Amino acid sequence: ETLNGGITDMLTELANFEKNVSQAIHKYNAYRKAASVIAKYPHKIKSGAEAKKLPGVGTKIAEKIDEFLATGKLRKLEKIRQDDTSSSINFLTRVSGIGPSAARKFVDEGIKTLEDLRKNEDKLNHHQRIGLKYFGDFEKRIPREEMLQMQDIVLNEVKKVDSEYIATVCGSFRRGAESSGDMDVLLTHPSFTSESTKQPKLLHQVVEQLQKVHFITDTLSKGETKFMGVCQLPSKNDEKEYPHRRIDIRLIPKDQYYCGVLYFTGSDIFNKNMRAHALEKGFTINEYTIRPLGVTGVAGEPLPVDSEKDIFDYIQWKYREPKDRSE
DNA sequence: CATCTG
DNA sequence: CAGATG
Ligand code: NA
Ligand code: NA
């Protein structure tokens, strides 16, 4: 956790790089298990050889750990931190819609900057365009004070369109959090479940309203169950308009809301712990259900949940307010 | 994993 | 349809 930090750090720098610049998934994947094991590792890695002793730790990494331990640096890391190419890739990637893949193409075409991009707005697609247009806004966290205001609009509109809708804003917002990166809504309806053959309108009607009133400004991707867009809190009395924010809305069969709701709410750590506890309790959980674990190895049959309560109940545990869902 | 692009 | 992105 702090005993082998540099190591684990350089290891991650390297890994990332393989994957983003080179195309080196194998290698990339290599650096990663390496950082992971050394991570769990209990002592002070004092040399390569000590390290090598670890699974996932080959001669190559070992070599690196040496130079690093030997000198506060690593030539490779040194070289890579300069290379404008590598940098451009790291940068372009920040644009929403531009992945590494794209980042590679663009660079080879000489587009390495924000300006480069605007100039070539033509080579970018819709997402990518939007993503370039709100680059600033997009990196700006979202303060609860706005989140509450956002949440308020969304729920009220959902309600209007159908009294029977059930919306929930998950994420850290849900666990208390002072700010957040984007708004995530879970949506369901009675008339929508496991079996129930579709009802696309279910998502689309809401989306529509949200744009009706102007809350939603752009569409990143609209599917029949997942919406990826942009919204904005109406600028009050002109002087201070709000940054554009990412927002997503997803339709879920009512018969599997809570697990999802539970699930999305995190944190990753709270999940796992519960997940692992579920297991003890003779259960299983995943993003959509909770199944009674047979003994034959495994077994299924989705246990029936009407709230986040039912879930906990099942694994016989303490209902935790979302705030305490930390770890 | 679901959506897009081409 | 593969392949890319979130
Ligand atoms: Na990106
Ligand atoms: Na292939």
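What you see of chain A is 9-335, where the numbers are those given in Swiss-Prot.
The deposited model was determined using X-ray crystallography, 2.9 Å.
Quick reminder: no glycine exception, Cβ is built from N, Cα and C everywhere.
Going by Swiss-Prot, these are the annotated features:
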type	residues	note
ACT_SITE	A:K72	active site, nucleophile
BINDING	A:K60, A:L62, A:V65	K(+) 1 binding site
BINDING	A:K60, A:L62, A:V65	Na(+) 1 binding site
BINDING	A:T101, A:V103, A:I106	K(+) 2 binding site
BINDING	A:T101, A:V103, A:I106	Na(+) 2 binding site
BINDING	A:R149, A:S180, A:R183, A:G189, A:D190	dTTP binding site
BINDING	A:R149, A:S180, A:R183, A:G189, A:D190	dATP binding site
BINDING	A:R149, A:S180, A:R183, A:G189, A:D190	dCTP binding site
BINDING	A:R149, A:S180, A:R183, A:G189, A:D190, A:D192	dGTP binding site
BINDING	A:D190, A:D192	Mg(2+) 1 binding site
BINDING	A:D190, A:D192, A:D256	Mg(2+) 2 binding site
CROSSLNK	A:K41	ubiquitin cross-link
CROSSLNK	A:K61	ubiquitin cross-link
CROSSLNK	A:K81	ubiquitin cross-link
MOD_RES	A:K72	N6-acetyllysine
MOD_RES	A:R83	omega-N-methylarginine
MOD_RES	A:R152	omega-N-methylarginine
REGION	A:183-192	region 'DNA-binding'
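Structure coloured by features recorded in Swiss-Prot.
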residue : record                   : DSSP (3 states)
A:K41   : ubiquitin cross-link     : helix
A:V65   : K(+) 1 binding site      : coil
A:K72   : active site, nucleophile : helix
A:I106  : K(+) 2 binding site      : coil
A:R152  : omega-N-methylarginine   : helix
A:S180  : dTTP binding site        : coil
A:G189  : dTTP binding site        : coil
A:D256  : Mg(2+) 2 binding site    : strand
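Taking a Cβ distance under 6 Å to any atom of ligand 1 as the criterion, the recorded positions A:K60, A:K81, A:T101, A:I106, A:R152 reduce to A:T101, A:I106. Within 8 A of the CB centroid of the dATP site residues A:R149, A:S180, A:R183, A:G189, A:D190, the other residues of that chain are A:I150, A:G179, A:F181, A:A185, A:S187, A:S188. In three-state terms derived from DSSP, A:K81 (ubiquitin cross-link) belongs to neither a helical nor a strand segment and is classed as coil.
Its Cβ placed at the centre, A:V103 (K(+) 2 binding site) has 24 other Cβ atoms within 10 Å. Annotated K(+) 1 site A:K60, A:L62, A:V65; additional same-chain residues within 8 Å of its Cβ mean position, judged by their own Cβ, are A:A42, A:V45, A:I46, A:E58, A:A59, A:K61, A:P63, A:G64, A:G66, A:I69, A:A70. Just so you know, the Cβ of A:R183 (dTTP binding site) picks up 18 other Cβ atoms within 10 Å once every protein chain is counted. For A:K60 (K(+) 1 binding site), the same-chain residues lying six or more positions away in sequence with a CB closer than 8 A to its CB are A:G66, A:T67, A:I69, A:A70. Here A:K41 (ubiquitin cross-link) is positioned 14 angstrom away from A:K61 (ubiquitin cross-link), judged by their C-alpha atoms. Looking at A:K72 (active site, nucleophile) and A:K81 (ubiquitin cross-link), their Cα atoms lie 10 Å from each other.
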